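Consider the single chain below, provided in structure tokens and representing the form deposited in one PDB entry.
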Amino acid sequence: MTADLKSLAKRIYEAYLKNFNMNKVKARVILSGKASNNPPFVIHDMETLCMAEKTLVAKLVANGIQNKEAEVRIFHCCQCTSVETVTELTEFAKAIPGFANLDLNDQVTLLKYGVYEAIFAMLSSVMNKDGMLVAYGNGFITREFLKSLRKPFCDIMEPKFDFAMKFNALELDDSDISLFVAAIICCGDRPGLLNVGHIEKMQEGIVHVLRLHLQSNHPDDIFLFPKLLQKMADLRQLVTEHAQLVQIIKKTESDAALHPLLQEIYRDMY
């Protein structure tokens, strides 16, 4: 249990709560509705989509996407939410003791492979069996409407709902997700890592606080730590399959222009 570790556990917790505006507590209260009778605007078909797109009429006109196919509009603003999460993650990583001290090539490498493995883990916080919160909790896209899209777009988010359902069953709080996300970033297994030895030292410190933190917060889930280690493996597989589907859609779809920042991350990944 010790004391210095508890401080580190909360440095990682105070960060995250500061960099990620949408956490599990806020999301879990919206989906519960036990704090407001003003539910979010549900998006379950093309009509509700075009309605919700009436608000964001400026972002679409200036971006030249107003008259694009429905699938290209969704996975284009949704692509904009990941560019924001990558920025927040880059700042959250600074709170990880030892990360700012590593070589820039290693920092860029760790974030290059860990951003999406964490985007999908945190994405589960705003997901249930029927949909996921969007627009900072103001909207709610249905899990079925995303499947109703034409392939391959309909095969993009369904795997995320699959992981989220099994992941959310572990019943973690932001205190646990923070350390978990920190462990994802500190992974000495990423390809091309220079000082592969030091990063392993930094990962052991985080993974150790995570094991002790889970043992202290979820005392009855003896094997919660092994379960999370398995989830880290599934996230790596989930990102691999996802990144492969972006390259496929990047050439076979002449109307879906990938974002520049995300274009560098997906380059020569898996």
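Shifts are known only where both forms have a C-alpha. Between two forms, the rigid core is defined as the largest C-alpha subset superposing within 1.5 Å. Residue numbers here begin at 1 and follow the sequence given.
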Practice task
Look at the other compared PDB entries that model both sides of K34, then say whether a third or more of them leave it out.
Solution key: yes
Practice task
For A243, record whether it is unmodelled in at least a third of the other compared entries of this protein.
Solution key: no
Exercise for the section: Return whichever of 46 to 54 and 227 to 235 has the greater mean Cα B factor according to the PDB record. Expected result: 46 to 54
Fill in the blank from the handout: Higher of the two mean Cα B-factors (120 to 128, 75 to 83; per PDB record) comes from 75 to 83
Fill in the blank from the handout: Residue set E200, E158, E88, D174, per-entry CA B-factor max assigned to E200
Exercise for the section: Tell me, please, which of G137, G114, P152, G98 has the highest C-alpha B factor according to the deposited entry? Expected result: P152
Completion exercise
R143: CA B-factor among chain residues, third -> middle
Practice task
Sort the modelled residues of this chain by their C-alpha B factor and say whether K24 lands in the lowest, middle or highest third.
Solution key: lowest
Exercise for the section: Rank-wise, by C-alpha B-factor, drop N168 into the lowest, middle or highest third of its chain. Expected result: lowest
Fill in the blank from the handout: Assert third(CA B-factor, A93) within chain per record equals lowest
Problem - CA B-factor placement of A15, once the chain's modelled residues are sorted into thirds - result: lowest
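The form deposited in another entry is left out here; the points below concern that form.
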Handout entry: Of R211, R236, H44, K59, the one whose Cα moves 2 Å or more between the shown form and the other one after core superposition
Key = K59
Practice task
Can you tell whether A62 sits closer to or farther from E53 in the other form than it does here, judged by CA atoms, where the change is 3 Å or more?
Solution key: closer
Completion exercise
Quick read on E47 and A62 CA atoms in the other form, 3 Å or more from the shown distance, and they're closer
Practice task
Report the moving segments between the shown form and the other one: consecutive residues, 3 or more per run, each with a CA shift of 2 Å or more after superposition on the core, given in sequence order.
Solution key: 36 to 39, 56 to 59, 61 to 67
